[PDB]
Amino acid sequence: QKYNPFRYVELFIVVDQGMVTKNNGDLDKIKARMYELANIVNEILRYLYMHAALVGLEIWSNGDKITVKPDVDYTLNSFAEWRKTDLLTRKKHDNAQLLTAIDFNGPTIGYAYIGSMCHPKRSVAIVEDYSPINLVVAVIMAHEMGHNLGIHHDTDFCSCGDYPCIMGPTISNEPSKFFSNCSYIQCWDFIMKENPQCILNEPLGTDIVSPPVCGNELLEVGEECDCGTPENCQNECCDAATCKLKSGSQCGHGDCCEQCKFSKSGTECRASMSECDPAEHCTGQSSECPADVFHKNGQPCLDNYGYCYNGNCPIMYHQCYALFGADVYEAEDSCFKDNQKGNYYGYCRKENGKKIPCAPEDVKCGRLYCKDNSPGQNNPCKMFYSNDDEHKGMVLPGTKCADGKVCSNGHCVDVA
């Protein structure tokens, strides 16, 4: 299971009603451009060791499914909410942008949550159809996505050469394709230090909706392999320019592809996480590490210390350990009553602003309590809270709150 240096943003573009009428209804033409923007956005991000892959296009040729308002802050929280409640529940994807004809107040031609990549709500960005030039619109797209990647503007002695850089204070008439030194650092700081696990997988060709394109470094339909331009290709299994495999190779992609041949059967290709993570192994007859399989969510795991959840086994014990280190354990039940106060630290589910208190049963599903015996600092009900992320130190969704019960969204709901 080799380590991929790249990440991948499985993008989802939405196009507003406004934008459509601009284009006289030509749905096919829109699609065509959204396919092209995508490839320029992936071109651009390559410097950052990142790819951009269009896994969904949804044109509101019917009508805007949210009110697209001139004030760009309302509109963004609005698109972020629809992204989460409607789009996400219908389609898997990492990041969604909204292209629009609507004139924003600023004037602002782009607006996007900082360091949000992968956040169920905030991994989003609004983008003005600020020009017919695709190089321009794509630069804006890549720019906002950069903000999501937690990149801030260039300042001071940031450089991308003697051209206009992507995260420059403001856009040029004749824009370049170049992120800046400052951008590359800030972006990889965000990955290293926030880890958006969701951009980790290479998207499958079937998964991608743009006409397959050879040399974009995205394996796609009809391609036997892809490894960029002839000048960049390190894959001696692949004819960079024709995207077909070379002579004897049975493969030129995947974790189950060695030298150029298929991986021996039994060859582990996806390491197990926990006991809710059955390992995967190569078929001996294919080129890709077989799909990932977990156990039955809710399965007695860890000598019945926990009930499974997405391949892992969340037990209060480990949760303490992470927060508070060696020799610290689960606290007295009494400690959890502080969850009903509904204050800065004690609660269950923040809904979209306020801190909702805990139900006297749901108290084992808010802020966590641990019995810290750190000499000279013994404290029965040790708790953890930073407003640097109020989630650090809340019980993980999936944790036993009793027997035959788990914490689902603030609640100690029932198991089955």
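Residue numbers here begin at 1 and follow the sequence given.
When the Cα temperature factors in the entry are averaged, is it 305-313 or 88-96 that ends up higher?
Comparing 88-96 with 305-313, the higher average CA B-factor belongs to 305-313.
Comparing 107-115 with 333-341, where is the mean C-alpha B-factor higher?
The recorded data point to 333-341.
Among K31, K382, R349, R46, where is the Cα B factor highest in this entry?
Result of the comparison over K31, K382, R349, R46: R349.
Which one of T267, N181, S210, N201 shows the top CA temperature factor in the record?
In this record, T267 carries the highest C-alpha B-factor of the candidates.
Hey, what third does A359 fall into on Cα B-factor, ranked over its chain?
For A359, the deposited C-alpha B-factor lands in the highest third.
Going by what the PDB entry lists, where does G150 fall on CA B-factor within its chain: lowest, middle or highest third?
According to the entry, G150 has a C-alpha B-factor in the chain's lowest third.
Hey, what third does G248 fall into on Cα B-factor, ranked over its chain?
Highest third, going by the recorded CA B-factors of the chain.
Should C160 be placed in the lowest, middle or highest third of its chain by the C-alpha B factor in the entry?
As the PDB entry reports it, the C-alpha B-factor of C160 lands in the middle third of its chain.
Would you check the entry's CA temperature factor for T67 and let me know if it's in the chain's lowest, middle or highest third?
Middle third by C-alpha B-factor.
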